[PDB]
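One structure below.
Just the heavy atoms: all of them, side chains too, but no hydrogens, waters or symmetry mates, feed the values below. Numbers restart at 1 for each chain; the letters A, B, ... are given by sequence-line order, proteins then strands. Counting starts at 1 for both ligands and their atoms, in listed order.
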Amino acid sequence: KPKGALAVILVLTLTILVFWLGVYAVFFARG
Amino acid sequence: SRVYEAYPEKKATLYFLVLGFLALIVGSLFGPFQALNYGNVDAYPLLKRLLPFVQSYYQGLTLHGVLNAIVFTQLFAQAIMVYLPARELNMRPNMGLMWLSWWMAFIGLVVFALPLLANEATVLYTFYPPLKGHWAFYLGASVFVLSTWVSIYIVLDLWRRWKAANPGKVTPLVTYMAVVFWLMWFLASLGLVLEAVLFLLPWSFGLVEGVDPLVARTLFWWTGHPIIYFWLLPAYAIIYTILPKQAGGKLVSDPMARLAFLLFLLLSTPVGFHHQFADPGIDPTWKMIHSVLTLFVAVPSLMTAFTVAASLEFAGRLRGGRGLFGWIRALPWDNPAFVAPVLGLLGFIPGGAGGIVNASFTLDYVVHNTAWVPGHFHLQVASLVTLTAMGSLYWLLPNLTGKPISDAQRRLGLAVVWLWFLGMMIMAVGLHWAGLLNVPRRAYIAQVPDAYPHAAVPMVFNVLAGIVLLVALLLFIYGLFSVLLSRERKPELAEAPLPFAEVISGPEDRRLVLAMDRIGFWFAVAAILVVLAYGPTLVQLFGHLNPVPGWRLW
Amino acid sequence: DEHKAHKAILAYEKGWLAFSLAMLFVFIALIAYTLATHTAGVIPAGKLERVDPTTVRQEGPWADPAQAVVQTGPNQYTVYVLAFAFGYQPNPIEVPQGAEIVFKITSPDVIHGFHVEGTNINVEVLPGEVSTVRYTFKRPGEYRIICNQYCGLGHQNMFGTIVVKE
Ligand code: HAS
Ligand code: HEM
Ligand SMILES: CCCCCCCC/C=C\CCCCCCCC(=O)OC[C@H](O)CO
Ligand SMILES: CCCCCCCC/C=C\CCCCCCCC(=O)OC[C@H](O)CO
Ligand code: CUA
Ligand SMILES: [O-][O-]
Ligand SMILES: [Cu+2]
């Protein structure tokens, strides 16, 4: 298994999710 | 040089690269001042003492955007995506056309540059009507961009010649990238060519009284989305086909690389309403459709993330690294051609995360036209693309010129790329954060020092970024000039093969490669998608035009 | 070995790509949700509503800013806002909390933004076009309007005010 490539995509997923869900929270807070 | 007589394409490649890096240098001079500005520090008095022709923050921001994001990126794309496919095929580009594309770019540049420098087109790099720039800015810029139509013809010619010699062979990888990339660009470019020919040119010449701002923006963003993929793909061609060798490994999938590029050809253009989520008179169902297709255009970079990470992991394992992080430390961190794109790829993680937020329709109302946007795009173009081009100085330059890089020049390149990277990271934090605080983009905010009190903390990151990047830029200028003006020349460097990677062994899905090679077909699909995505809206706009007078507010 | 690594890389890549697909689709569904709620009022009306920027300050609903706020329903007000170089009229815009506000914004000159700080109102204002957006203010008080589209050298100081009355 490509463990290092999986770590990278993990960091990427967590970053996408923190950004997206963060802004989604902001959006509703200003709604 | 007997090298330039056999490979005249090295000299024309060099001219594109050098012109591009000169534009990057000049446009980037304004960057530190803009970063200090977003840190609430006004250094424009100093900038104007040094460059007395600069009349305003906004004139400097027009120059920065045009020179860095339009001129430099285009020149690099024309260097890379002509020269690399020509070397892979070992065939000569049509040199008459190559030269003509260069002279068009150079001439368009010089012509647009005159009103820009004279404060006659301080309309920014988006030039949105009714803001009305001098006719020479629109003409110079039109001729600059049309230079790329010649490049497209160059590469399609290479490919057709090769295919005629080699019927029933699939297109070689680098060539396949460049062909789909230039065809994508042709379809992409038609928005702006239309905006220019039907509206901007006749208007700035005095032939029509006004321009409808909504139709001009709609045609602009048809092109302005895919132009970003046009900046990005030449860095991707290096990252897929050259970087794996520089890292000490191999590209892990040729078919996955072709597939990413094929997704970019289909999805780069029909998506521009994601720049118009806040625009009146475009129907919301259409915005949602472009939002969905925008999230799809994310797929090829999501795919690229894994193909490339696995290639780098592979190289690190070849070089003795073990564990879950040992592969990272085993990579050639002493080589700037390796380090620059890798750091740019790391910043591209939060870069791409912001882009997926921006694409999300209603979420765009939180960030649109705020400092977040520049936060996102400095990760993508000013960091990934620019750093990948900077790292090319370290293999491409010697290959084009026979000029050797010394040990001392290699180390200074490492320092430049590290500081550039860290500066972009630090500024991304301050701008993302200031944008979440409603600080607007495109604003001389240091001139309203009490308007943004909540932003005091990200403002310190912007000041720090401005200083870090000033230092990176100065070292870059010193470095580029040292290798450019350098004493020695070893022609063997100009004659060594480009450092193209091998592809890892294992099959390779021929059914898929063959399907992907149906380039006429995929091109017609990409075109139909653009008719479907844009046709209905543009038929409604063009049948209800409302041209309005032009203004000069600077 | 290379055969092995290659097979394993593609296997896991297929997995990542399915996952990444799933996540994008969840975002799509979460976006569709916003579109069904009152929060989607800030999306501009998709409707072309053409006006003449050269006479907008002389005739019609933008020509008298003190009459720009008009009750259009039992719990709804329509506000005719002019964004111009370099300010907004009326100033202040005064509206009751908890009413639905339909903002009809246009410009007599160049493009301006209309970003109401603290809210999702964030709309481009095009000369010759009316931007229509809806919002209900839940909290009384003073909200700043920021121009976020470069409109010339007065851009950084182009602000307005909304006052939401208890
Ligand atoms: C080259 C430059 C550009 C890239 C690329 C780019 C990508 C995207 N952007 Fe964007 N952008 C938008 C959406 C996206 C989306 C969906 C993506 C996507 O294509 C992103 C996909 C990418 C990813 C999902 C990241 C993948 C991660 C990778 C590939 C790195 C992996 C790491 C590795 C391999 C390293 C590991 C190695 C180790 C050693 C650990 C939207 C709206 O939807 C707007 C309008 C916002 C507004 O309100 O105005 C916007 C605005 C802009 C502007 C402003 C235009 C203006 O002046 O008004 C520019 C210049 C720009 C540039 C760029 N943008 N963008
Ligand atoms: C020394 C590095 C540089 C720094 C410190 C820097 C800083 C800045 C800042 C602070 C802004 C926001 C200004 C505003 O919204 O008013 C900006 C705008 C911009 N930057 Fe850079 N920049 C740098 C290099 C790059 C380069 C390399 C690219 C492209 C390859 C680039 C492209 C842009 C463009 C496209 C904009 C937006 C222009 C506009 O809104 O009209 N920057 N930069
Ligand atoms: C505000 C945020 C600013 C901070 C920005 C930082 C973000 C991450 C920084 C660097 C990533 C580097 C990760 C990998 C670096 C590896 C170098 C290495 O492993 O060196 C091995 C040794 O040299 C044998 O070759
Ligand atoms: C060896 C090199 C590493 C050294 C790098 C330091 C690393 C990060 C920390 C601070 C730098 C901050 C620079 C910011 C400069 C002044 C901030 C400012 O303008 O202060 C405003 C204040 O918040 C209201 O008045
Ligand atoms: Cu009005 Cu900026
Ligand atoms: O432009 O994304
Ligand atoms: Cu885009």
Check: of B/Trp333, B/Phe461, B/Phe325, min heavy-atom distance to atom 16 (C) of ligand 3 comes from B/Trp333
Tell me which one of C/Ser20, B/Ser301, B/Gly352, B/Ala247 gets a heavy atom nearest to atom 26 (C) of ligand 1.
B/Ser301
Given that the side chain starts at C-beta and the backbone is N, CA, C, O, which of these parts of B/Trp418 lies under 4.0 Å from ligand 3, counting heavy atoms, or is it both or neither?
side chain
Check ligand 1 against B/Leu312 and write out every atom of the ligand that is under 4.0 Å from a heavy-atom position of the residue.
37 (C)
If we only consider heavy atoms of [X], is any one of them less than 4.0 Å away from an atom in ligand 1?
X        : value
B/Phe361 : no
B/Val367 : no
B/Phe306 : no
B/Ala69  : no
B/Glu313 : no

Would you name the heavy atoms of B/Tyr58 and B/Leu124 that are closest together and state the gap between them?
O-CD2, 3.9 Å
Anything protein N, O or S sitting under 2.8 Å from the Cu ion (ligand 7): count it and give me the total.
3
Which bit of B/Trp221 is near ligand 1, meaning a heavy atom under 4.0 Å away: side chain, backbone, both or neither?
side chain
Check ion pair B/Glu313-A/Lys3 (N to O, under 4.0 angstrom):
no
Ion pair check, B/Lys287 and B/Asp283, cut-off under 4.0 Å
no
Atoms of ligand 3 less than 4.0 Å from B/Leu422 heavy atoms?
5 (C), 6 (C)
What is the name of the N/O/S atom of B/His376 that is nearest to atom 10 (Fe) of ligand 1?
NE2
